[PDB]
Ligand SMILES: Nc1ncnc2c1ncn2[C@@H]1O[C@H](COP(=O)(O)OP(=O)(O)OP(=O)(O)O)[C@@H](O)[C@H]1O
Ligand SMILES: [Mg+2]
Ligand SMILES: [Mg+2]
């Protein structure tokens, strides 16, 4: 696991992710803290979201545990930071890098999926009253994702 | 060339291959027909476990050959 | 009336109907040597109605080579008489008897007749009767490293289950007018041509829901065809299909008919020309015995081999067998005729016992009809095997010396083995080692470790443990039992109660491992297997791995510097469902069971742990306010479980349970339907509640309903357990308390600054001080499936079935709920016997020190379908480092405890490589991209000092080495893999 994790870390170091920056916590290779920048064409524009990544002992044969630490008002992210992403529960394969997961999370932030939601109330607001959803998302990203 | 794969649970699979195909192509076909990733497949022919990077003709796998698809178990 | 407290794991393999039929079947076993006693033991453990033994031959010393119920004080007594008493203890529901004489007409009392150690004329006489009276007949034989099985279940045997797999079921998306059934998105039906299916909940084609099975024509992994459904309708939408398994008729031939034209089962496709040879060889053995007063050929005797080959020629000519006899193989069969190996006995006894169960249950596909097996690759080549070395010495190992010789016996007697685990496979392995004579010499020793204790369900397949042993340590009982079997093991076995893992490296350290000869795993999880594999790779020890699941099993061997390790390959991982599916949209009973388990944890475990931690840690609140993902939840839990909803009697527990029923089965469903009404549509215009999403309906509490009352009882009992109150089970109090309940009004909410922190502080200071509550604790509920009085499985079953009723899912019973929630692994004694036999057949290869990789075999089998297969182990990959051949697995660098700078300079000067990353354990000791100040601080330190500083933990005194992982680049910048580093402290 150590060699795979270091190869991913070095690859991240070589080519910057631009919109993301992941690295080990202190000196522990099995605990990373990533940062995601809110997309410009999204309600979360100008926001910094912190994620915690926990690599299991069986990496890359088991998915990393990725949890949001910043509060976000999204139909697919609940109050515990759990992310409704298929590649993290049962579609994980030992061929996906952390950069791919970060790109998937950014794509999820750029457009939510209310047809298969994790938070039914936010999904209902999104489907019925779009403007209220926009206002709530901007308020939340100003209150929590900035500062 | 047509070959048969028998699983440890009794299922039978028919594959259309050629003698020049590599083991990787056979594993990809098995994944298409079963969804088992190639890295988790254990294929046995005539007491030899087939390894990636080699061809069928390396194992003398001819038409109507039977392979076994096996796996390890965690109980006991 | 099956005792599920004992047959728990076996019922998940066989079923209730199968065991009901088993409990009405009589088994006669002729012969009480190692093979016969193995078969009888497995049958007694399985649970047949009764067993009868017939073996009037007096005991001899050599019989102790594989008969573990015989002692040296029993010499001269008939074998059955001395074996019956010890067999009667294995299972209390199975009587065991002895008959001093057999008559043909007496055979009509038995469902199955097993024959061992009987001549061919007697076998013909017995089978001529059993065949025409429709009695199952099995005949088994074990000669040295050769074995044979024959099954004859009659001309009209009916098999109800042919593979032992669960029926296949799936969700449909559409059925066209021509019967082309299509699965949901990216879902495989898994059917085969000729299968039968039945449909339900099909909309648009009401005629398919009657329940008539239909033929299946597979047209791809996602679609199949059922025929023409023109009349029933034009097109069908949604619905589910379930496979229908139909009985089959198998016709067997008598032994007399099948001697001329046998039908073979091939255990190995690598040697397909041998079974025809063994068919002649075993008949020649019978003829030779008939011509010499029942005496077999003497070990490694050339005159007897020549006479035996003449008999083989005569038989082959008589049967018109157009097969060229392989003289070497046939004479090998002659040489080992008097061999009697406990490993072969275990393997064949497991197989034969499974066949007996098939005969008595009409389940699984039986062997049809001849099964000839050999393990001739186990014959030693590093010692002398001749007539002088293989002659009997008048000891209990004569049956093994007749095959391997006395020098190999000396090699076996000085083994130093390490057995990890003491379960079913561990017990079988210890028995095999005791019979083989392992570690009975001056320099021999056995070490067995296991941290578990004996339970009632373990007695069904761990035959070394008795009901009096429940609650004691497994390793101690196993060591005592095997010391009883072979008294020479007294003082040669050491038992530990330690779990093998990172925390026990002070006990199983360098000194412990340096003295071993081999390691055998008998574990039940992959984490421990990987850990032991890494330890064996580091110390360069042989490893024997084995695993079972129901009727399936496998065995693997890891040989230093020859093969790959256990962890070089990947197995399919466990399936975990999406969180969105479990939270809101379940469609299977498994989803509801997972939800119920999470509910159990969230109601009776987490809040109690939070309350207990609040009353112990002095700085719990401040740490939790910024550590946990929801401090508000923790504060609410503490408040509710301390002050707000603390029960003072059991009536308050009942009221709490009623409130929780409303919360989790009536109000959340109403909120969900408020968010997504049943008439709502997706963004593409499709209905929302279609396909995998099932529209739920709220539950109204009815006391007369069984599931509602079960949930209330279980929840109230568990709450009382948490608060230490006196629970009750009389329905009168429940009906009286719940009668006067006024539900609080509920209305779904439509939604529509920094004061929240002030509110959290106000809640925090409202809690009673920890000093006011000293010595007060709440008992958390720790999940336990094997106890039927703690209300754990009862609560999970009730909650799961209530949530299934919410979403119109078919509820399950306590049996399936316990299987799913408990993560129970189905287990069988027969599979355990087979895997132990295979492992002990590989062990003698390891002892002989065989170097070629074609001489080892990894084995796989499924007893439900009678499939056996073997394959050579995969050789360890090689690589080129600095123009040298390096083993990717078994090679390492050995360096002193130098500084980081000296290590880097050594790798630059010696290997011509630039070090880029250096890590140890779970820490990054060195990276090429670290800032220069940090490096300059970390460069002049020794590796041990650097590890201690970075990990902030001093090295233990028993620590004698460090393992480092290094990633380095070549001169051109190409990354080159290198073996790990072993720093000597
Ligand atoms: N890390 C470990 N170190 C030592 N022994 C272990 C370890 N992990 C598991 N075992 C032991 O391995 C044995 C596994 O055998 P088995 O699964 O048949 O037994 P069990 O777990 O007690 O039974 P069951 O799973 O049927 O309830 C058990 O004795 C278990 O205690
Ligand atoms: Mg146990
Ligand atoms: Mg277990």
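Residue numbering: from 1, along the chain as shown.
Recorded method is electron microscopy, 2.5 Å.
Keep in mind that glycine also has a Cβ here, set from the backbone N, Cα and C atoms.
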Candidate sharing the ATP site with C:424, C:450, C:458, C:461, C:474, C:500, C:524, C:525 (per Swiss-Prot), from C:9, C:892, C:938:
C:9
Chain B neighbours, restricted to the binding-site residues C:455, C:524, C:525, by C-beta under 8 angstroms:
C:524, C:525
Check each residue in the chain of residue C:450 (ATP binding site) that is at least six apart in sequence and keep those whose C-beta is under 8 Å from its C-beta; list them in sequence order.
C:420, C:421, C:422, C:423, C:426, C:473, C:474, C:475, C:496, C:497
Which one is it, among the recorded positions C:9, C:251, C:876, that lies nearest to residue C:524 (Mg(2+) 2 binding site) by Cα separation?
C:9
Go through the recorded positions C:9, C:450, C:455, C:580 one by one and keep only those whose Cβ is less than 8 Å from a Cβ of chain A; report them in sequence order, or 'none'.
C:580
Round to the nearest Å and give the CA-to-CA distance linking residue C:9 (ATP binding site) with residue C:876 (phosphoserine).
37
Just name the most isolated of the recorded positions C:9, C:461, C:575, going by other Cβ atoms within 10 Å of its Cβ.
C:575
Please state whether DSSP places residue C:251 (phosphoserine) in a helix, a strand or coil.
coil
Measuring Cβ to any atom of ligand 2 with a strict under-6 Å cutoff, which of the recorded positions C:251, C:461, C:500 qualify?
none
Those recorded positions of C:251, C:452, C:455, C:461, C:525, C:876 having Cα within 10 angstroms of residue C:580 (active site, glycyl thioester intermediate):
none
Can you give the distance in Å from the Cα of residue C:752 to the Cα of residue C:753, which flank 14 unmodelled residues?
16
In sequence order, those recorded positions of C:455, C:500, C:524, C:575 whose CB lies under 6 Å from ligand 3:
C:524
Long-range neighbours only, meaning 6 or more apart in sequence with Cβ under 8 Å: which ones does residue C:525 (ATP binding site) have?
none
